[PDB]
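One chain is shown next in structure tokens, namely the form deposited in one PDB entry.
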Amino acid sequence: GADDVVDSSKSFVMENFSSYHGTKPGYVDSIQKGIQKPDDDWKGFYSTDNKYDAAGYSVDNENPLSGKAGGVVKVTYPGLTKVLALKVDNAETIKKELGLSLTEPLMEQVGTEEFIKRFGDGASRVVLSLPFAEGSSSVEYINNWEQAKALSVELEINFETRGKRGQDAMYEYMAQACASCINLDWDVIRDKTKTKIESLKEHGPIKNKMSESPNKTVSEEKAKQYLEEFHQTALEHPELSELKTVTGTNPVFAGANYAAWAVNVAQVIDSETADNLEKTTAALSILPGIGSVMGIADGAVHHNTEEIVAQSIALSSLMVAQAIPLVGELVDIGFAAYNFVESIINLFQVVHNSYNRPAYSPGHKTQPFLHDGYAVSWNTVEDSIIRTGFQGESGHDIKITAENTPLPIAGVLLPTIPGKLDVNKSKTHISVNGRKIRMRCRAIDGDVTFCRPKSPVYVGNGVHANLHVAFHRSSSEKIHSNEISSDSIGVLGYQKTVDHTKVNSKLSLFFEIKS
């Protein structure tokens, strides 16, 4: 009953149990006067244990994208509060398993004396606990509206009082979460951006380059052509010197990408959109290629300095202005320097926040490694863990497929500890659409066993494989932090005779040793 829906390991009675609530502009002051009710099973006051998670619930409901953020308040229950952690979020299952009345709203029942007597363990009330979200270690608290009347409300922060532009106050606060960490000063970036734009517009070669602008609707291919030369010319400016160095190698940061982005923007911004930050943001947010200007690629935010960020934004701003008359419909005039910059700043902040949050990189846990047309991932989280300290076997499933045409899997490289952790050659195989292919595994240079499929393996649209790696433990001795050669399994795809040195496509699955 209660075992099916309640997580005892994670429930607890606490004195002065505190949590956080994010609220909208206009209510930061009135909410500190008291919590009050402004499916039914879930009608309740919502808080979280994470204040920066609370912050995300503070944006003006009618302008969720660019709107103003209100604040975060701390709500404390005096006395003893019982946090009942739930293993399911289906209310009928909860009411049933907890033997509750299958009719009255779950939350309504949570605030009854009987319910508090039964699962409160002496606490004055009960607050439901649920995981905040997939990919979050935060929890979500669900307070019964009546019991919530006992909450003491204190202010955490009022983003509006910080008097900063856009959602700068909210994002810089959340950034406090990680003290890597992208902790940028947007006031500094906002100011450098304006200065740079100014210096660029008022610039000999740039103004000269502008002269040659067809300054009339031209074809898209000609637009990009002009834009790529403009970009090249603009990057010579002393103000964009660092950006010239940082964007020199990675192809994602090339001029063609800036030009591509610039024309794409100029194309979707009509006059009414441009005269609205919310409308600009919604328009820009669905465009591809924003990574070229943000300097984000290969899993890293490369433009992580106020100086380089401001040069990148100033650069695309100038180009959007050039692109508007060639492939647009409005007066680039303000847009490029006004809402374009305001909207893009906001988007950077959204993406920087994502990378500041703890997340699994490709090939880790059940997160896919996408590369060369292939998609590989550990079938389950348990699969990605190699347990140690016992004599025995273990199996590990790795899912494999390719996007379209049939691509080969040459085999798989596995890290070992010869004697302690070995490949179990008889249980290691790969099934392609069910055809269980046996593998010829051989120890190679450097504590790695290379296993090859006995027959050809190809994956693609409609064709998938399950790589089942079996390992053998010769002793109970725990593998130690030096023992295994590496922390990944390497699935090898096709062979490319590139760099005059033939090599395979490598698809890595990262593991952790435990127990």
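All residue numbers are counted from 1 along the displayed sequence.
Just so it is clear, the following notes concern the form deposited in another entry, a form of the same protein that is not shown.
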If one rigid part turns against another between the shown form and the other one, which of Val83, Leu65, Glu228, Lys365 falls at the hinge? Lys365
Closer or farther in the other entry, the Cα atoms of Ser137 and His480, when the shift from this form is 3 Å or more: farther
Shift in CA distance, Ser137 and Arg387, in the other entry relative to the form shown here, given it is 3 Å or more: farther
